[PDB]
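Worksheet for the structure shown next.
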Amino acid sequence: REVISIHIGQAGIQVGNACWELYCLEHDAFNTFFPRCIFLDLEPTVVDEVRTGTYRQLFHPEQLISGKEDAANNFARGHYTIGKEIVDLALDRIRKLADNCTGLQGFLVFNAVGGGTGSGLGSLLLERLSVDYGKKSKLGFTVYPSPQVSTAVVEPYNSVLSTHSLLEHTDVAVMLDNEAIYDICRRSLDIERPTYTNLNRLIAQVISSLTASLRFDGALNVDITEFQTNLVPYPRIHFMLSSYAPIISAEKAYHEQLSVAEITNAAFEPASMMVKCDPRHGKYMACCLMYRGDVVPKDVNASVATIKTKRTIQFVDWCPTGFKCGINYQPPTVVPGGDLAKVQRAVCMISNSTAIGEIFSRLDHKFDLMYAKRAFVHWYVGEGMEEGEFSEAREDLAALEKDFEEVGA
Amino acid sequence: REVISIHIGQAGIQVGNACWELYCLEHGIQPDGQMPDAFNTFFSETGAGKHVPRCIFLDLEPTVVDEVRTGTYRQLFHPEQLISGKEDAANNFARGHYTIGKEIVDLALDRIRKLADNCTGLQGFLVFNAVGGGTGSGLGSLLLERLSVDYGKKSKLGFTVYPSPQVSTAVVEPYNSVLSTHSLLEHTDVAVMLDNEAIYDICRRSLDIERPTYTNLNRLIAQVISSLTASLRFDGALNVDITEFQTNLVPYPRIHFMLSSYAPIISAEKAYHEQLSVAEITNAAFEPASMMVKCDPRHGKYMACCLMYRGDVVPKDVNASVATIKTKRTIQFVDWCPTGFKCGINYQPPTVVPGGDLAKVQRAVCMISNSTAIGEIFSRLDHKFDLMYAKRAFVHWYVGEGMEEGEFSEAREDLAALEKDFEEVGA
Amino acid sequence: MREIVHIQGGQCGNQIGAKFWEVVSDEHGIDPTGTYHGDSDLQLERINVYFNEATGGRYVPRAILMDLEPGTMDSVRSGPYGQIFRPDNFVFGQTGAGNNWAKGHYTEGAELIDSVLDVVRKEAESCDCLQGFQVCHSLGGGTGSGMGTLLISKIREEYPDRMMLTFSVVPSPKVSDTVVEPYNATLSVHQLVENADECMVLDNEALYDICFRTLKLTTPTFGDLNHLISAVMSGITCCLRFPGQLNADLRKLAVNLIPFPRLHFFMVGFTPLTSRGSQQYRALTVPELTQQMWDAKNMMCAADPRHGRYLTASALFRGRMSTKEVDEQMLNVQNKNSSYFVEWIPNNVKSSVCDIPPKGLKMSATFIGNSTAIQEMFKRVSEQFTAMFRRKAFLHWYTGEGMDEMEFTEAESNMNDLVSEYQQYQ
Amino acid sequence: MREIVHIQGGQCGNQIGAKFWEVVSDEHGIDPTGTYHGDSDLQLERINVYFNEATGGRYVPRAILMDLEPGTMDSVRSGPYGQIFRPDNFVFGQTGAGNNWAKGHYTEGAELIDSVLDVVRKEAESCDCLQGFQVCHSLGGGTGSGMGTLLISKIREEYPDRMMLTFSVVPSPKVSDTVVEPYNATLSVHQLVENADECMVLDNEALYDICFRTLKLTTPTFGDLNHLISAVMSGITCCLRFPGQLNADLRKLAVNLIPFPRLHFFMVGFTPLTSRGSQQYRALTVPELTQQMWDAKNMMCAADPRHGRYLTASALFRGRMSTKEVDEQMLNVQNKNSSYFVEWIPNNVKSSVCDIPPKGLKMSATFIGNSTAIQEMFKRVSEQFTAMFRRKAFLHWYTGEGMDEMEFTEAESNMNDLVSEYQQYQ
Amino acid sequence: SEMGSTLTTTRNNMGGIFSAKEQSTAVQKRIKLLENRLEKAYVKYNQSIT
Ligand SMILES: Nc1nc2c(ncn2[C@@H]2O[C@H](COP(=O)(O)OP(=O)(O)OP(=O)(O)O)[C@@H](O)[C@H]2O)c(=O)[nH]1
Ligand SMILES: Nc1nc2c(ncn2[C@@H]2O[C@H](COP(=O)(O)OP(=O)(O)OP(=O)(O)O)[C@@H](O)[C@H]2O)c(=O)[nH]1
Ligand SMILES: Nc1nc2c(ncn2[C@@H]2O[C@H](COP(=O)(O)OP(=O)(O)O)[C@@H](O)[C@H]2O)c(=O)[nH]1
Ligand SMILES: Nc1nc2c(ncn2[C@@H]2O[C@H](COP(=O)(O)OP(=O)(O)O)[C@@H](O)[C@H]2O)c(=O)[nH]1
Ligand SMILES: [Mg+2]
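Residue numbers (PDB author numbering), protein chains in the order written: chain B4, 2 to 28, 47 to 53, 63 to 437; chain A4, 2 to 37, 47 to 437; chain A5, 1 to 426; chain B5, 1 to 426; chain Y1, 102 to 151.
This is the structure in structure tokens:
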């Protein structure tokens with residue numbers, strides 16, 4: 002059993018540069052990863077940093093795909109003009125990666141929707157993967173732009189135009205912001221001046237905690253097909269809040285008494301979500317709890333009972349059994365230079381609720397304001413688009429808002 | 002069973018620095034937090059061999075907190091427990107109760123909640139504050155308000171420092187004491203007074219220390235608390251809990267103000283030449299030369315008394331000794347109460363800390379009584395508070411913060427009403 | 001965290017501040033280059049109150065020099081510890097007012113004060129939690145009095161909820177350097193009573209008296225006077241910079257010493273201050289600090305408090321001391337001389353101890369007393385103001401600049417009702 | 001990989017470009033003799049963006065000097081970093097235009113523009129993936145403005161997809177060297193609005209003002225002004241030459257700052273800029289860089305941005321810094337000064353971080369604000385243009401060369417409709 | 102100010118944070134006690150019958 006990982010863009014392969022560092026440091048159990065990867069980007073600067081880095085010999089030279097020139101924060105450019113010449117080479121490699129494989133669980137894609145490469149050719153890669161395989165799962169861990177913290181200007185245009193394909197192509201989509209992670213590193217990790225490297229290190233922790241069930245034998249294992257049923261009650265509602273516990277420094281960890289009861293609680297407070305949204309406004313549709321390390325089924329069982337009996341958070345009226353647990357034996361590993369201390373046990377929670385319906389509504393106004401005056405539209409239209417797909421992507425998010433409001437009732 | 006201890010203000014967390022020092026030196030824990047089961051009431055165990063105290067230091071000024079962060083016990087306290095503000099209330103009750111208090115007490119509450127959640131058989135809380143300041147007075151009363159609405163049934167042992175009659179450091183402290191008692195009245199279940207001149211006289215005469223600083227004061231306060239929690243920590247021939255004082259000592263839901271004392275406070279040399287037994291320490295616990303509040307119970311009448319005994323003490327002589335006290339006529343009990351005593355004996359002696367000026371004594375008594383001499387102190391406060399209030403001195407600072415003239419008059423008549431209440435129960 | 005931005009105005013302000021920054025930097029172990037060279041870790045914990053780290057141990061003072069003639073600015077950069085100030089903080093005019101309060105408050109102030117305000121804004125927003133501002137100036141001169149007072153008024157309407165100290169020397173007939181001293185002092189005090197939170201009265205007459213008897217100096221130049229004033233300023237704000245058994249911050253002192261919003265003029269003294277001939281024969285205990293503190297011939301104003309009544313008083317102690325001794329000494333000096341204290345306030349003295357002595361001594365103290373005898377200065381100044389203004393002396397230099405006659409009458413009324421209102425609470 | 005061909009025109013272009021190739025050659029560690037002598041590996045792998053390996057480690061720049069007078073060519077060849085160009089690239093006429101736009105655009109350009117196009121083509125297809133061209137010229141002179149402008153039009157006809165940067169200085173009436181400045185600048189802008197991709201507007205008032213106030217230079221010759229302009233140009237194309245945590249090429253910045261195709265005139269600023277006497281009195285943090293960036297008295301144009309609103313803004317950072325501080329600083333200035341920004345556009349600031357600082361510094365920054373205050377200069381120019389053209393001053397020097405009256409009216413029309421669209425979007 | 106006042110009165114009306122769980126757990130335990138008592142009473146009656 003193996004699962005291969007695709008990384009797109011400046012954000013994608015930097016996340017991968019930390020994720021693969023953790024995989025090699027963690028390791047027959049290796050068979051699911053050893063790498064079965066592909067980096068691809070339009071700007072050669074970040075890929076060729078890997079080609080000369082410490083992991084020169086680790087990656088086969090062909091694997092590291094690199095175009096000639098960047099899409100430059102332009103969804104249309106990275107989806108219609110420049111994507112068309114590189115995407116064919118990428119997926120015609122990924123095929124022979126799958127032919128190397130025999131028991132493919134799925135693919136997992138890493139991209140940020142704000143940019144052009146992460147968004148544009150992300151969706152383009154996804155569309156040819158869906159028509160080629162269809163049944164095989166493709167987990168997409170995307171990075172959406174934050175409400176108030178922002179680096180680009182045209183990112184609302186990109187985020188809406190990317191989402192229109194992220195609905196019906198990916199199977200399980202995990203949101204991740206930058207402000208929420210910045211807040212996590214500021215609050216729990218007490219790092220007052222964080223950079224992208226620290227963000228990517230703890231993103232890898234989440235990925236590792238949800239594939240450790242395939243790699244190592246636990247008391248209750250869970251495959252990628254399991255998330256497919258247990259968390260998405262409707263074919264078009266797959267957008268997951270993420271959380272992790274205990275995110276804790278090296279000194280505080282020894283002082284505190286980490287156990288199963290309190291980390292099940294800590295994984296539920298909005299002070300520890302990976303996406304800037306308040307689930308107090310929403311109702312939980314389903315929850316999924318990956319437990320790693322020193323876990324007996326009793327205290328995880330007792331912990332979900334206390335959550336259900338609390339009234340600070342509510343569930344939908346549909347699910348009395350609104351949980352999916354999972355226990356694995358091997359504890360989480362640490363990276364030298366990393367900030368997370370060694371813990372006997374950790375919890376990665378992936379939920380689904382209606383709080384996500386707020387982020388789309390928040391997104392709508394920013395896109396709406398700019399589009400009404402036709403700001404920046406001339407860049408995308410001359411690239412090959414029209415006014416049709418702007419308006420039609422707009423009404424797709426309008427439908428999604430009504431959808432969440434209907435299901436939440 | 003567990004009890005958590007919260008410290009508010011400069012005087013509060015300094016007192017804690019002596020208490021937790023005494024605690025680890027008693028249970029054999031190094032300041033770093035590891036042993037080289048009775049510690050379960052105060053320390054929670056990480057499971058990696060590290061013990062962390064159940065306490066939260068909080069105040070408004072970061073100076074006194076951050077020497078603690080860098081003393082010997084940097085590694086004993088969990089970092090989140092040591093709360094600290096950014097600017098001081100500055101001897102201004104209103105500033106600590108409405109301006110700056112309203113931002114800091116909510117952080118303390120959502121901290122203290124998970125201390126209680128880690129506990130199982132919580133006996134209660136116990137708070138440390140000096141009413142002369144603004145932090146310990148202002149947000150202290152605010153914290154007690156929100157604690158009463160949260161728990162209610164749980165004990166809140168208030169070990170407060172009242173301003174001394176003559177020896178004082180601040181000038182607006184009469185205002186602070188009256189307004190604070192107005193809420194400390196109906197929130198604290200059991201409130202123990204600890205003056206400063208009385209402790210000064212004990213260290214001068216008994217400990218024969220002629221140049222005492224605050225260190226020795228805080229040291230002997232920790233000794234009384236240790237003598238009071240030994241019954242909870244260790245097994246004795248006749249033990250009491252913290253819920254026992256709620257019933258056995260306060261006859262009416264508004265008369266809860268106790269006079270504390272301890273014996274024997276004896277230097278290193280008197281002990282070598284002097285004898286320790288139960289009868290003489292039962293005597294020495296009652297004489298006003300060993301009280302912790304400047305008042306005289308000889309002027310008052312006792313409602314009920316309490317007696318902690320530590321060390322090699324049998325129960326036959328504690329009964330015989332308390333009998334001799336009742337047959338004497340220097341002190342008298344209230345007509346309504348034929349029996350006025352609550353006794354208790356525990357096996358473990360008081361341990362000593364190196365560097366302290368307390369000798370290693372074979373036996374000790376901690377007395378906690380209730381009387382009517384406490385009514386004289388409250389009246390004594392009213393004379394000099396009313397003295398300045400009529401001319402409206404220093405009122406402009408509190409009213410500029412957002413208060414008015416109404417709360418002075420209404421708090422004034424409430425404590426004035428308490429004066430009449432004390433006089434009518436004594437009759 | 002708690003932060004003080006420092007402002008020096010006029011020639012008087014510049015020399016006072018110059019000797020002040022040498023004393024503080026030497027306490028924190030920073031050499032003239034501006035790099036850290038101390039030993040104790042305690043000296044580094046509390047340098048955010050007065051300094052900013054620039055790069056590689058370079059600590060710059062959080063001060064602003066403001067004047068009108070370049071002689072003072074060049075005299076500052078020449079002397080030692082002159083190379084530590086940021087050259088951009090030398091906000092500075094060119095023409096000169098010259099002992100004309102109207103020129104200092106209406107003509108040259110109107111184009112320099114926007115500049116000094118902009119520097120102060122950067123210095124205030126550069127830090128996080130303001131404790132207050134600290135302004136040192138004189139009341140006789142023009143570029144210190146009129147401009148500095150306008151700066152005080154402008155700042156108070158900008159940040160109204162922060163404290164503000166102003167150390168001002170005031171003129172007296174025995175030390176009469178300029179001729180229009182009363183016309184400057186009376187208008188300046190009118191603005192100070194309505195703007196400043198608290199003032200600390202100083203004078204040059206008492207400083208000369210201190211240097212004659214107590215110091216027994218041969219040649220008391222201005223360097224020694226500025227040395228005494230600097231020791232006082234360091235002594236009062238020592239509590240924010242070092243921990244102690246009983247800490248008392250600036251706001252804690254203000255609310256404890258000011259009973260009414262208009263009664264904020266204090267007289268200050270400092271101990272120990274002894275000559276080298278008798279410093280060898282002395283002892284260092286609490287009673288010897290007190291009975292040299294509360295001596296009338298040690299006050300730094302020419303306003304003898306026993307000609308009035310004490311409202312409140314304060315002592316800031318520095319060094320490893322026993323708090324019992326501190327409190328009993330304040331009790332003794334209040335019980336014996338009970339007549340000199342106000343009657344409707346018991347325990348008139350606020351006290352505090354800090355555990356870091358200044359370098360060169362083992363134990364020191366600092367006294368701040370709010371007496372009612374300060375009205376001697378107000379009557380003493382107002383009669384000279386009246387003596388010229390009844391006859392319209394020197395008036396046209398004030399009138400021809402924009403001021404009219406009702407400004408002097410309003411200023412007279414406010415000073416006159418102030419000394420009247422001190423007398424009533426007396 | 002990505003390629004930048006350099007084209008310099010006129011006296012202003014040649015001397016600006018001379019200082020430019022000095023600082024770039026030092027950044028890549030190339031000696032004045034043309035051979036590599038650097039230390040770090042990083043300086044080798046991205047020199048093809050600016051150089052061509054000839055033979056024996058001879059790295060020659062990919063530049064084209066262009067003028068009409070030999071004084072500039074000989075002064076270029078004389079000084080250091082003068083013997084690194086290929087002598088075939090010194091395409092060079094002989095007669096000279098002399099501040100006559102018609103000579104440089106119709107008569108004398110007609111025989112030179114053929115030779116420059118031959119050289120630039122052979123120099124363009126020599127590299128594989130062209131990123132764009134980079135032109136440095138003026139709008140007051142004749143052979144710089146007119147010929148350079150005509151070259152821009154011909155290049156955009158051949159290569160319509162490739163990028164185009166133009167660092168152009170504009171004349172201002174406070175620093176007015178020639179008499180026919182309005183006649184030239186107005187016609188030059190008429191061609192820039194339709195031919196260039198983006199134009200980074202410069203001026204000498206702000207440059208002289210910057211060296212007076214912030215740099216505090218005594219004698220700011222053209223060397224220092226050209227040094228500042230070169231530092232801006234190195235900062236704008238540092239992303240291609242060095243790896244960073246967030247990259248932003250030329251096209252990436254263009255699409256994030258140009259909301260409408262005719263709105264492509266920028267203001268530029270460079271930080272940090274500090275006097276030599278105060279270089280050690282300061283920190284090096286992101287907030288310090290931001291305070292100097294958003295100062296209106298720091299743009300390198302004589303147009304106060306606070307006289308209008310920003311449409312967009314860009315900040316290219318260089319150095320080891322935390323991205324969170326970058327975004328928090330941009331968000332902070334976006335909230336507090338809310339009126340100076342356009343409302344129907346949130347996020348008016350694009351940011352980027354490169355990991356290699358310029359030589360000698362620790363952390364630098366480049367600001368490119370597309371504001372609506374730039375319309376004041378176009379009005380500031382058009383009022384002068386109408387003053388002459390109402391009365392046909394100096395007109396015959398251009399009329400007898402080919403321009404008719406409709407050309408000047410067309411230039412006024414384009415100028416007037418442009419200032420209305422900036423006013424519209426404010 | 103009005104929202105703050107409504108917050109304080111609602112805060113006093115909930116009767117504390119831990120109040121809801123105690124009342125819920127008390128009635129549940131009460132259910133168990135009546136069930137236990139009912140069994141013993143049934144046993145006595147059926148024993149009487151035999
Ligand atoms: N968590 C995380 N996010 C990143 C990182 N780098 C970039 N991003 C995000 O990526 C978004 C922009 O896309 P980029 O990945 O930088 O660039 P791109 O997706 O390759 O698109 P192009 O610039 O056209 O090449 C920004 O909003 C960032 O939040 C990173 O290292 N970690
Ligand atoms: N018994 C005892 N009392 C102390 C000690 N330290 C301070 N105090 C008392 O505390 C009173 C003033 O309050 P502090 O605790 O010092 O200050 P605070 O309560 O935090 O109020 P602020 O100064 O506004 O912060 C004084 O009257 C002292 O009597 C101590 O170590 N032991
Ligand atoms: N203590 C002290 N006072 C000074 C010093 N220099 C000037 N003065 C006082 O300043 C007063 C005159 O004010 P002046 O310096 O002209 O003020 P300015 O012109 O406004 O700056 C005199 O009464 C002096 O006593 C000094 O170095 N130390
Ligand atoms: N910054 C800078 N500006 C210059 C330089 N030389 C000329 N200028 C400006 O260019 C304008 C005149 O342009 P000119 O040299 O006649 O252009 P040309 O004749 O077409 O080459 C004047 O306003 C000068 O301010 C220089 O070396 N540096
Ligand atoms: Mg990218």
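Just so you know, even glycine gets a beta-carbon here, dropped at the ideal spot from N, CA and C.
- Residues of chain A4 with a Cβ closer than 8 Å to the Cβ of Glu297 (chain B4) do not exist, since the nearest Cβ in that chain sits about 10 Å away.
- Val60 (chain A5) reaches chain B5 at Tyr281, counting residues in chain order whose Cβ is nearer than 8 Å.
- For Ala110 (chain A5), the enclosing alpha helix (DSSP H) stretches over residues 109-125.
- Taking the Cβ of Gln43 (chain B5) as the reference point, every heavy atom of ligand 3 lies at 7 Å or farther away.
- Under DSSP, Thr237 (chain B5) forms no beta bridge with any residue.
- If you look at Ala206 (chain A5), you'll find it isn't in any beta strand (DSSP E); it sits in the alpha helix (DSSP H) that goes 204-213.
- Taken from the Cβ of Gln384 (chain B5), every heavy atom of ligand 5 lies 7 Å or farther away.
- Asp218 (chain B4) is positioned such that its CB atom lies no closer than 8 Å to that of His266 (chain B4).
- Put simply, the backbone Cα of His264 (chain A5) is about 10 Å away from that of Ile374 (chain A5).
- In the three-state reduction of the DSSP assignment, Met164 (chain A5) falls in the strand class.
- Collapsing the DSSP output to three states places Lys141 (chain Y1) in a helix.
- For chain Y1, the residues of the region 142-163 of chain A4 that bring a beta carbon within less than 8 Å of one of its beta carbons are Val159, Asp160, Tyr161, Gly162, in chain order.
- Annotation for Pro173 (chain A4) indicates a beta carbon within 7 Å of some heavy atom of ligand 2.
- In the three-state reduction of the DSSP assignment, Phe432 (chain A4) falls in the helix class, which pools H, G and I.
- For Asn249 (chain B4), not one C-beta of chain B5 is nearer than 8 Å to its own C-beta.
- Under the 8 Å criterion on CB atoms, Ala100 (chain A4) is classed as interfacial with respect to chain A5.
- Per the C-alpha coordinates, the member of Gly17 (chain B4), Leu136 (chain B4), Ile110 (chain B4), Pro72 (chain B4) positioned closest to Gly412 (chain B4) is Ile110 (chain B4).
- Within chain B4, the C-beta atoms nearer than 8 Å to that of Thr56 (chain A4) come from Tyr282, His283, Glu284, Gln285, in chain order.
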